[PDB]
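Just data-v4.cif here, mmCIF, C-alpha atoms and all ligand atoms:
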```cif
data_upload
#
loop_
_atom_site.group_PDB
_atom_site.id
_atom_site.type_symbol
_atom_site.label_atom_id
_atom_site.label_comp_id
_atom_site.auth_asym_id
_atom_site.auth_seq_id
_atom_site.Cartn_x
_atom_site.Cartn_y
_atom_site.Cartn_z
ATOM 1 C CA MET W 1 43.852 186.865 148.108
ATOM 2 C CA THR W 2 40.558 188.394 149.220
ATOM 3 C CA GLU W 3 37.884 186.162 150.730
ATOM 4 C CA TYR W 4 34.309 187.020 149.811
ATOM 5 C CA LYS W 5 31.816 185.736 152.366
ATOM 6 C CA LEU W 6 28.653 185.028 150.394
ATOM 7 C CA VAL W 7 25.409 183.399 151.509
ATOM 8 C CA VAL W 8 22.991 181.443 149.317
ATOM 9 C CA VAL W 9 19.347 181.620 150.314
ATOM 10 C CA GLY W 10 16.573 179.595 148.737
ATOM 11 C CA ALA W 11 13.343 177.722 149.347
ATOM 12 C CA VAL W 12 12.639 174.004 149.507
ATOM 13 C CA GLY W 13 12.895 172.366 146.110
ATOM 14 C CA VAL W 14 15.670 174.550 144.742
ATOM 15 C CA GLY W 15 18.785 172.754 145.927
ATOM 16 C CA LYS W 16 21.612 175.154 146.737
ATOM 17 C CA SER W 17 23.989 172.185 146.707
ATOM 18 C CA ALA W 18 23.283 171.845 142.978
ATOM 19 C CA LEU W 19 25.046 175.158 142.403
ATOM 20 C CA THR W 20 28.037 174.429 144.619
ATOM 21 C CA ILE W 21 28.774 170.933 143.307
ATOM 22 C CA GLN W 22 28.418 172.252 139.746
ATOM 23 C CA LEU W 23 31.185 174.781 140.424
ATOM 24 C CA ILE W 24 33.280 172.663 142.791
ATOM 25 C CA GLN W 25 33.602 169.412 140.822
ATOM 26 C CA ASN W 26 31.612 170.542 137.770
ATOM 27 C CA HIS W 27 28.802 168.061 138.377
ATOM 28 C CA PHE W 28 25.034 168.468 138.569
ATOM 29 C CA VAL W 29 23.705 166.496 141.521
ATOM 30 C CA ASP W 30 20.045 165.576 140.960
ATOM 31 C CA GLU W 31 19.863 163.873 144.337
ATOM 32 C CA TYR W 32 18.272 166.275 146.818
ATOM 33 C CA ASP W 33 20.090 166.646 150.127
ATOM 34 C CA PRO W 34 18.940 168.602 153.220
ATOM 35 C CA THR W 35 21.988 170.853 153.546
ATOM 36 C CA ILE W 36 21.694 172.469 156.985
ATOM 37 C CA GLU W 37 25.076 174.204 156.970
ATOM 38 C CA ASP W 38 27.865 173.782 154.418
ATOM 39 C CA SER W 39 30.758 176.110 153.652
ATOM 40 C CA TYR W 40 32.426 175.759 150.261
ATOM 41 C CA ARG W 41 35.681 177.612 149.619
ATOM 42 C CA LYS W 42 37.327 177.660 146.201
ATOM 43 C CA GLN W 43 39.733 179.926 144.327
ATOM 44 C CA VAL W 44 37.849 181.481 141.419
ATOM 45 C CA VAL W 45 39.385 183.740 138.806
ATOM 46 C CA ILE W 46 37.107 186.734 138.328
ATOM 47 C CA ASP W 47 37.860 189.513 135.823
ATOM 48 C CA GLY W 48 41.332 188.021 135.546
ATOM 49 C CA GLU W 49 42.210 188.085 139.229
ATOM 50 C CA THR W 50 42.116 184.963 141.384
ATOM 51 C CA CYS W 51 39.978 185.393 144.495
ATOM 52 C CA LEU W 52 38.444 183.137 147.129
ATOM 53 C CA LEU W 53 34.693 182.691 147.293
ATOM 54 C CA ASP W 54 33.358 181.570 150.661
ATOM 55 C CA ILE W 55 29.867 180.278 149.951
ATOM 56 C CA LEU W 56 27.843 179.494 153.055
ATOM 57 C CA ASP W 57 24.831 177.265 152.475
ATOM 58 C CA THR W 58 22.090 177.109 155.076
ATOM 59 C CA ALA W 59 18.851 175.184 155.622
ATOM 60 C CA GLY W 60 16.185 176.392 153.222
ATOM 61 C CA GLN W 61 13.502 174.864 155.419
ATOM 62 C CA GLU W 62 11.796 176.726 158.250
ATOM 63 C CA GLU W 63 12.650 175.183 161.615
ATOM 64 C CA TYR W 64 15.895 176.506 163.085
ATOM 65 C CA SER W 65 14.808 180.090 163.632
ATOM 66 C CA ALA W 66 17.198 180.281 166.569
ATOM 67 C CA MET W 67 20.161 179.693 164.278
ATOM 68 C CA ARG W 68 18.673 181.760 161.456
ATOM 69 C CA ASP W 69 19.018 184.888 163.585
ATOM 70 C CA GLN W 70 22.529 183.881 164.657
ATOM 71 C CA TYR W 71 24.356 182.704 161.514
ATOM 72 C CA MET W 72 23.687 186.100 159.935
ATOM 73 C CA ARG W 73 26.971 187.775 160.781
ATOM 74 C CA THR W 74 29.603 187.669 158.030
ATOM 75 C CA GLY W 75 27.049 188.284 155.293
ATOM 76 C CA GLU W 76 28.966 190.402 152.790
ATOM 77 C CA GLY W 77 27.314 189.126 149.639
ATOM 78 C CA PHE W 78 23.762 187.861 149.316
ATOM 79 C CA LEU W 79 22.574 185.439 146.656
ATOM 80 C CA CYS W 80 18.842 184.929 146.206
ATOM 81 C CA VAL W 81 18.134 181.795 144.180
ATOM 82 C CA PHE W 82 14.668 180.648 143.136
ATOM 83 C CA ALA W 83 13.080 178.131 140.783
ATOM 84 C CA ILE W 84 10.713 179.190 137.994
ATOM 85 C CA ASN W 85 8.352 176.319 138.849
ATOM 86 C CA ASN W 86 7.403 177.559 142.316
ATOM 87 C CA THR W 87 5.539 180.834 142.831
ATOM 88 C CA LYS W 88 6.046 180.760 146.610
ATOM 89 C CA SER W 89 9.838 180.957 146.321
ATOM 90 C CA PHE W 90 9.389 183.989 144.066
ATOM 91 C CA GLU W 91 6.935 185.747 146.371
ATOM 92 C CA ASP W 92 9.038 184.835 149.406
ATOM 93 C CA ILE W 93 11.693 187.216 148.089
ATOM 94 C CA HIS W 94 9.739 190.217 149.435
ATOM 95 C CA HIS W 95 9.741 188.756 152.948
ATOM 96 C CA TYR W 96 13.494 188.202 152.743
ATOM 97 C CA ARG W 97 14.066 191.731 151.432
ATOM 98 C CA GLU W 98 12.341 193.192 154.497
ATOM 99 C CA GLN W 99 14.520 191.017 156.727
ATOM 100 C CA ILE W 100 17.799 191.870 154.978
ATOM 101 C CA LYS W 101 16.821 195.546 155.116
ATOM 102 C CA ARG W 102 16.879 195.316 158.902
ATOM 103 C CA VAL W 103 19.839 192.998 159.514
ATOM 104 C CA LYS W 104 22.216 195.192 157.515
ATOM 105 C CA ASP W 105 21.266 198.780 158.354
ATOM 106 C CA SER W 106 21.621 199.973 154.768
ATOM 107 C CA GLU W 107 19.330 201.092 151.946
ATOM 108 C CA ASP W 108 21.872 200.098 149.320
ATOM 109 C CA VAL W 109 23.605 196.715 149.122
ATOM 110 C CA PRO W 110 25.186 194.603 146.319
ATOM 111 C CA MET W 111 22.470 192.062 145.512
ATOM 112 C CA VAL W 112 21.660 190.027 142.406
ATOM 113 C CA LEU W 113 18.684 187.908 141.388
ATOM 114 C CA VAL W 114 19.325 184.587 139.669
ATOM 115 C CA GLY W 115 16.767 182.227 138.168
ATOM 116 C CA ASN W 116 17.784 178.575 138.278
ATOM 117 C CA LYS W 117 16.213 175.667 136.387
ATOM 118 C CA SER W 118 15.184 178.002 133.583
ATOM 119 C CA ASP W 119 15.907 175.205 131.099
ATOM 120 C CA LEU W 120 13.125 173.195 132.728
ATOM 121 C CA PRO W 121 9.812 172.958 130.795
ATOM 122 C CA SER W 122 7.941 173.537 134.057
ATOM 123 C CA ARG W 123 7.729 177.299 133.587
ATOM 124 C CA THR W 124 5.280 178.587 136.184
ATOM 125 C CA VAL W 125 6.997 181.939 136.786
ATOM 126 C CA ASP W 126 7.157 184.378 133.865
ATOM 127 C CA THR W 127 10.462 186.140 133.161
ATOM 128 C CA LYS W 128 8.780 189.560 133.011
ATOM 129 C CA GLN W 129 7.611 188.960 136.589
ATOM 130 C CA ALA W 130 11.215 188.533 137.688
ATOM 131 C CA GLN W 131 12.338 191.587 135.720
ATOM 132 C CA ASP W 132 9.565 193.796 137.113
ATOM 133 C CA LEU W 133 10.324 192.633 140.655
ATOM 134 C CA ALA W 134 14.075 193.070 140.183
ATOM 135 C CA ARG W 135 13.580 196.646 138.976
ATOM 136 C CA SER W 136 11.609 197.400 142.136
ATOM 137 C CA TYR W 137 14.442 196.233 144.395
ATOM 138 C CA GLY W 138 17.043 197.811 142.145
ATOM 139 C CA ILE W 139 18.930 194.629 141.346
ATOM 140 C CA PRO W 140 19.861 192.899 138.045
ATOM 141 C CA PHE W 141 18.102 189.687 137.011
ATOM 142 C CA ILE W 142 20.430 187.027 135.632
ATOM 143 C CA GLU W 143 19.279 183.712 134.190
ATOM 144 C CA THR W 144 21.340 180.715 135.303
ATOM 145 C CA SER W 145 21.206 177.049 134.332
ATOM 146 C CA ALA W 146 23.065 174.723 136.688
ATOM 147 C CA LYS W 147 21.822 171.662 134.820
ATOM 148 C CA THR W 148 23.459 172.442 131.482
ATOM 149 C CA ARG W 149 26.006 174.832 133.043
ATOM 150 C CA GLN W 150 25.132 178.061 131.237
ATOM 151 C CA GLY W 151 24.989 181.604 132.567
ATOM 152 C CA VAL W 152 26.755 180.446 135.713
ATOM 153 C CA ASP W 153 30.120 182.156 135.274
ATOM 154 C CA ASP W 154 28.565 185.461 134.172
ATOM 155 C CA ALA W 155 26.327 185.362 137.260
ATOM 156 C CA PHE W 156 29.439 185.230 139.435
ATOM 157 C CA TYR W 157 31.411 187.876 137.539
ATOM 158 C CA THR W 158 28.513 190.334 137.792
ATOM 159 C CA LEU W 159 28.002 189.805 141.526
ATOM 160 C CA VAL W 160 31.736 189.976 142.272
ATOM 161 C CA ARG W 161 31.986 193.231 140.328
ATOM 162 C CA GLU W 162 29.020 194.627 142.275
ATOM 163 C CA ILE W 163 30.745 193.923 145.587
ATOM 164 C CA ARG W 164 34.055 195.263 144.260
ATOM 165 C CA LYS W 165 32.474 198.492 142.995
ATOM 166 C CA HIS W 166 30.432 198.870 146.185
ATOM 167 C CA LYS W 167 33.503 198.536 148.399
ATOM 168 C CA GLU W 168 35.522 200.792 146.097
HETATM 169 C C1 LIG E 1 29.017 182.515 160.795
HETATM 170 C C2 LIG E 1 30.354 181.778 160.823
HETATM 171 O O1 LIG E 1 30.895 181.485 161.894
HETATM 172 N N1 LIG E 1 30.872 181.499 159.632
HETATM 173 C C3 LIG E 1 30.197 181.878 158.383
HETATM 174 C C4 LIG E 1 31.232 182.361 157.367
HETATM 175 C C5 LIG E 1 30.554 182.788 156.066
HETATM 176 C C6 LIG E 1 30.976 182.527 154.829
HETATM 177 N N2 LIG E 1 30.130 183.055 153.946
HETATM 178 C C7 LIG E 1 29.146 183.672 154.592
HETATM 179 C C8 LIG E 1 28.021 184.362 154.156
HETATM 180 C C9 LIG E 1 27.137 184.898 155.084
HETATM 181 C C10 LIG E 1 27.375 184.747 156.445
HETATM 182 F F1 LIG E 1 26.507 185.262 157.341
HETATM 183 C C11 LIG E 1 28.499 184.059 156.885
HETATM 184 C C12 LIG E 1 29.382 183.523 155.952
#
```
Any chance you could give the structure as structure tokens?
Ligand SMILES: CC(=O)NCCc1c[nH]c2ccc(F)cc12
Amino acid sequence: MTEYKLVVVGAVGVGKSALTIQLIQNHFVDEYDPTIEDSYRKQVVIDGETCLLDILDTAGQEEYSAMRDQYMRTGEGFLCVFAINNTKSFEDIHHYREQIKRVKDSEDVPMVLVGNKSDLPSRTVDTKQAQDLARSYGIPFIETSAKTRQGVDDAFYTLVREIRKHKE
């Protein structure tokens, strides 16, 4: 069984724990929790083969810069998650891209863009904006709803395939 070390980055107000709990115990936790560092490991069957996904969640708030430049080690797969109600989280993606470009030493890397809380009526970020931005980085934009659990599985399959194809 192969272990995929993936990291989930996001801004304040997104709730990375909402994605983990929804896949772990299939439950949407509305209660916001300041997850500083949480590693969730579960056996997920992708494409028909059972693999282990090691999802590392880190503080989405800016404070521990010392740890931010230290935890970045086993970052095989990157997962950029943002909410369509906050424009800052969407514009912050560029800043992260420039950072990942350095702490990786590679022009190409398996990355995917997922839009959470798309079922929410608070649509402040247009979908075309995400598509246009995604095309610039050269990554696929996948809509994902963790509240009603839709577009979640496909978002994993796609990313896993990207890593698999990249390595092979
Ligand atoms: C740093 C350490 O001791 N453990 C983390 C292990 C890990 C799992 N998934 C990841 C994704 C990115 C990353 F940088 C690390 C991880």
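Taking all atoms listed in the file into account, ligand LIG 1 (chain E) lies nearest to W:39 out of the set W:144, W:39, W:116, W:127.
Residue nearest residue 46 of chain W within the list W:1, W:59, W:113, W:12: W:1 [criterion: smallest interatomic distance, all atoms listed in the file].
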Could you tell me, as number ranges by chain, which residues have any atom at most 10 Å from (22.5, 191.2, 143.0), counting only C-alpha atoms? W: 77-80, 109-114, 134, 137-142, 155-156, 158-160, 162-163
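Take atom CA of residue 51 of chain W and atom CA of residue 130 of chain W: the distance between them is 29.7 Å.
Pairwise distance (atom CA of residue 7 of chain W, atom CA of residue 131 of chain W) equals 22.1 Å.
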Could you tell me, as number ranges by chain, exactly which residues end up selected when the PyMOL selection byres (((chain W and resi 47) around 9) and not hetatm) is applied to this structure? W: 45-46, 48-50, 157, 160-161
